[PDB]
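Each of two forms of one protein chain follows alone as structure tokens, named structure 1 and structure 2.
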Structure 1
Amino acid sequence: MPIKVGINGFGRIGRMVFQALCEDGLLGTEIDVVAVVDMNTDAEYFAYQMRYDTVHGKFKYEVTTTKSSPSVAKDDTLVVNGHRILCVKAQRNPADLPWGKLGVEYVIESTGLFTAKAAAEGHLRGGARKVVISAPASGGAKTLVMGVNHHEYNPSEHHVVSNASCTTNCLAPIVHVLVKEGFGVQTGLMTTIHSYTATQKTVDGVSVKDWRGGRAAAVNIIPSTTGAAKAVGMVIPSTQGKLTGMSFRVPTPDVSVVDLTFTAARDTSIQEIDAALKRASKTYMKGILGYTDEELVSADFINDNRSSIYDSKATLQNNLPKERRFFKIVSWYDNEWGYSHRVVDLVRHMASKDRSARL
């Protein structure tokens, strides 16, 4: 019985994390998804939601439904590639979930409701050993970004952790290479051109806390403040205070792009920065940061499981002739997919390090 995982919340977020783990060949062999929790109990509806994705395509594993015991009123178990996964109804308090009863040690917290560390602590109270929140968190709760600071994970200090946000997983790797290769970042402003999300609205509606955010998403360019760039200060502490940014939400189904403008801490050139991103992508950042030097458009990154894919041609063509300090770096991300794979990545690293803490 390998790593024992539970997913709390089985909306699009939980769903895409599950399929990211099936995609990396982890189901039933490296990770056991014991259960999934949601307010919906219709397993046939979940199976359907898992089989067809308007942007990602067709799930490649068969998904059937069954009954945990012949008593049960209706199917409550999803069967994915042979593996039985139980559906459990959602609780107001995570401390009520039957984590312990189930044998689950790691909880992927994807509901979006238990983003504060002490709210998220409830899962450990219910029997779980570790919680990975699949969004930014508050109340402290180590924020960890794979390929950037994930070695700061300390098995019994960090029980409840944040995998950050999809925008921060795109930008952090770029900033990380800029700092690690010696260019440094004195000041930087980030603009993310963002595909719509599920908190947006088909037609102008009501969004009291974000007035622009409530307007019709598929026919507008909608500005929004965002915390992703300031959040990079948690994972790359030298940048606190030096970086902030904004989003413009645009009418594409998925795939987003970061437009980073920044002043380097030493004289350099867009060419040396471009060679360092490529070198990093092939070595220490492999699987987290890639680059393209082709003429790609957003559709071409769909299903890319890298966190950040540097656009070499867009970057080399639109920077200032012989500039030594003031540069623009363009990098893409499949806002839904790379992040999901990183959630799984973070869960495995933690497990690996946890098991190591017992050796």
Structure 2
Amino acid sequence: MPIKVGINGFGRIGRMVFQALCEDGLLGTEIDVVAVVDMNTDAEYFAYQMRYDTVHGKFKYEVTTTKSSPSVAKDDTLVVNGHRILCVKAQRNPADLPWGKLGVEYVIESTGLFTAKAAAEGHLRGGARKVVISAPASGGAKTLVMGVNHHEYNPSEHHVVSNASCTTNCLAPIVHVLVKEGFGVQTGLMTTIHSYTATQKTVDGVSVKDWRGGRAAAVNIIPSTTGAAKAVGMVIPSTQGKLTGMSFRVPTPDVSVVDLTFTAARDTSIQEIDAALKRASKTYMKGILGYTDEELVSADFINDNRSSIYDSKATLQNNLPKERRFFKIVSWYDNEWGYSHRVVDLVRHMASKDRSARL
């Protein structure tokens, strides 16, 4: 049985979620994407955006356009791999999307505008059953990180969920292995060296609520607060108040790295941490946590679908010799791709669990 999905906000993630939703061969069989929504209804423009991606290259699937019925002005329907996706009109208010009529039960909320759970329940007002916010939520939405706490998904209780941030999805798996392996975490500070994003500015512009983020994005190292590490304390509750961090947004369009400096609860070694991470990645963290022992740079993690790619060499080489407690872990992530894949994993995990809890 195909699950009926709707993507509200067809941007980097709204669209990579779709590409991710296709790359896995899921479109039309396991997942029917019933409707995607951006500003316009222009299937030709939507399709163009899908076809060509500056970072992720050309979309593997042929995208065509058609009309829902001849009484429509322009093609308002994408056709991906024979499957038809209607382009619905954006709404200032999620409550005004016609989800029920469409028969969409799962809304991927990827606008960046409705991270407030109250707003994101708008979709449930429009007829959906579940929303997955492609961002940290606010207002008590259950935050779920695949491979970390996603099994805490309660079908009967969790209707509007957050898939956390890309950064949390990179960090949390690392911290989860640290915790699960018994290294523990006294405290940690993470810095993400972060590719610039849609909210940033080509040239110095107005950014009233973040002055640095208003600065020319591709020519600056631009510091920023981030709630990603604090957010881990909500996904891995034993790390609450133990982690924070920041971001430096740097002139790359995609791919980021977590630089986690933490203190372990008891004596260990970076070697043990590195052996754990590598085993975790092979096993109970498989598909979520990867590692490389290669000399990779950011471009090499483009289209990596893991949420965290432990950089073994950068980690092993850049720690204190003989150190027992105070460690740095480097883990990469394609902030766009890894995350978008996780959204799909989440949606899929929720659907199997919604199936189980029904029949």
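Residue 1 is the first residue of structure 1, and the numbers go on in sequence order from there. We call the rigid core the largest set of C-alpha positions that still match within 1.5 Å between the two forms.
- Core superposition places the C-alpha of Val37 1.9 Å apart between structure 1 and structure 2.
- Comparison between structure 1 and structure 2 places the CA of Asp96 2.1 angstrom away from its other position, after core fitting.
- Structural comparison between structure 1 and structure 2 after rigid-core fitting shows the C-alpha of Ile236 displaced 0.4 Å.
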